[PDB]
């Protein structure tokens, strides 16, 4: 909806509100079949280039099938095994005797058909390529003789077009140990993907969402290779199910908050930790530390709960009351006062220290704000770039309202001498108790 921002001068942090989240909570698997031709090598009298070209392209069909066969005899484990158990279970059903015969019967007349497997999964099966029809009708009557018949150059070219998708799928499945991500258009065409989305047991408001963000759907999908058996090549595409739709999502941005003394070695720093995406999820907050686990389309966010952290909903109160022991508001400390900048959703946080020249300029007006020593913030309204030292950042031109929450920087509440300057993932209340215990050691003496 409306993207807004709030910069907290007290903690040198910003929160971008107003995002609508789509959290993946389930998987929808689908079987993709390719009708193959069970043929063995045949040698006949061949000389003219058209016979050679067909036999050359026919061998690329042969090596592609054998490459997929030795891939399933020994399949190397992948780091995606903890996320593909839903689709891997489907490949084990197809390897059972008689199960490939079922999908082979349902896809006898149409491209799409629903198939009830022997494991209780009513999966939707597609036949995206038919090589048995082309080889047995156009190639076998030409090559299964004493001397090879002469094929036309149209047949040589038409067969290279059909065989191409098989070769490209074997290429991806071989280099990725049968589990590929994202799902390419070779694994599933955009036309096939939209038709697959439409047939999903999801709401009409949810089908419009996945259809407008098909590239994000591909990046959050898996393609799993199953088995080759009885002239059938089958592989499972594992598509995301977003059980959480239109949930509030905020992104926390943090920057170092140091003191501004004039002698280096006499300054202490403080920075909020656990920056990233926070979204309401099932009575708690799902935090996403990794940056690539949430795809954004500027109004919206698409996250995967596979790489998330479950936090109490009180964690959002660290932005308004950080000194409350009721919520573990975590920080890191040091004595490294180096200047930096963070480009937020509607502006930029600037931490300027030392002799560094920090500024924000407009392309046609020039320098419109020069930052002093400390932590500050600037809106994107009228600002194009932000320069910190010899580094120039670009400000996001997204429309929205920024709110500057003025307040005393909390680093000024700390006596420098007894400060813990080597804390990593420490809570605010944790550090204060460590300071109260270290001050008693000076009180008695």
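Numbering follows the first chain given and starts at 1.
Student: Mean C-alpha B factor from the entry: is it higher for 40-48 or for 398-406?
Tutor: That would be 40-48.
Student: Once you work out the mean C-alpha B-factor for both 328-336 and 117-125 from the entry, which is higher?
Tutor: It is 117-125 that shows the higher mean C-alpha B-factor.
Student: Between 171, 92, 162, 218, which one tops the list for C-alpha B-factor in the PDB entry?
Tutor: Among 171, 92, 162, 218, the PDB entry lists the largest C-alpha B-factor for 92.
Student: Sorting 238, 359, 203, 281 by Cα temperature factor from the record, which one lands on top?
Tutor: In the PDB entry, the greatest C-alpha B-factor among 238, 359, 203, 281 is found at 203.
Student: Mind checking which third residue 347 falls in for C-alpha B-factor across the chain?
Tutor: Its C-alpha B-factor belongs to the lowest third of this chain's values.
Student: Sorting by Cα B-factor within the chain, modelled residues only, which third would residue 426 end up in: lowest, middle or highest?
Tutor: Its C-alpha B-factor, which the entry lists for residue 426, ranks in the middle third among residues of this chain.
Student: Ranking the modelled residues of this chain by C-alpha B-factor as given in the entry, is residue 392 in the lowest, middle or highest third?
Tutor: Tercile = lowest for this residue's CA B-factor.
Student: Could you look up the Cα B-factor of residue 97 in the entry and say which third of the chain it sits in: lowest, middle or highest?
Tutor: Its C-alpha B-factor belongs to the highest third of this chain's values.
Student: Which third, lowest, middle or highest, does the CA B-factor of residue 304 fall in along this chain?
Tutor: Lowest third of the chain for residue 304's C-alpha B-factor.
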